[PDB]
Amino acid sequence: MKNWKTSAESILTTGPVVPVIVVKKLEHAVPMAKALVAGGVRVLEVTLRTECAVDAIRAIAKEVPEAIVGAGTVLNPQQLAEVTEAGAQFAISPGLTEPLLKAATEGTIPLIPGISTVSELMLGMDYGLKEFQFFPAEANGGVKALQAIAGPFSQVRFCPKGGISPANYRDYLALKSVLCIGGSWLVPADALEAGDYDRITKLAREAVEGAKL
């Protein structure tokens, strides 16, 4: 997009795993982001599912500048403008809509919207997008489904998310159309609340390592 400083592609090629974080206790946002970076993971998706989500993005955005923090669960222009003002570097949505796609493309940060069908993908392509999230990965039919959908579009790249785990993520990563995946196991809600940051750094390290081949 003529309006995006950083491309959606760069966001997804930074690493094989994008942690989908849920922050309960704002106080744990920064130490958490640092634990992940120490583990090799710098692209963080902070989902708008808690009251402090936006503040978490703003905090991380300024105290851990080495991290590329973004917003998750962006459902409409209002939230897009909100996380953009808070310092998010990218936004991810479980699905797409014209209003959201129109705000995104006129906005200043890349949006990587999720799709389940070829039509939704084509709608997204109508606005010039090439990077999408495949959601809910598993529910949509996993790897075989994605291969069927991706088939006709060589230039399109995806970030599968939904029911993906250490047990299956290499299966998605092995696809040509897949740049990375969305994993929510790098930050257990328990370890977060418990301030157990070493657990988090270990998970990230292993995630990254287990991605090779």
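In case it trips you up, residue 1 is the first one in the sequence shown, and so on.
S.K.: Do the C-alpha atoms of 25-33 or of 156-164 have the higher average B factor in the entry?
M.R.: Per the PDB entry, the higher value belongs to 25-33.
S.K.: Highest mean C-alpha temperature factor of the two stretches 183-191 and 37-45, which is it?
M.R.: Taking the mean B-factor of the alpha carbons in each, 183-191 is higher.
S.K.: Could you say whether, by C-alpha temperature factor, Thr6 belongs to the lowest, middle or highest third of its chain?
M.R.: Middle third.
S.K.: Ranked by Cα temperature factor within the chain, is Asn140 in the lowest third, the middle third or the highest third?
M.R.: Top third by C-alpha B-factor.
S.K.: Using only modelled residues of the chain, where does the Cα B factor of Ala204 rank: lowest third, middle third or highest third?
M.R.: As the PDB entry reports it, the C-alpha B-factor of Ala204 lands in the middle third of its chain.
S.K.: Lowest, middle or highest third: where is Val64 by Cα B-factor in its chain?
M.R.: Middle third - that is where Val64 ends up once the chain's C-alpha B-factors are sorted.
S.K.: Comparing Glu106 with the other modelled residues of its chain, is its CA B-factor in the lowest, middle or highest third?
M.R.: Within its chain, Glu106 is a lowest-third residue by C-alpha B-factor, going by the deposited values.
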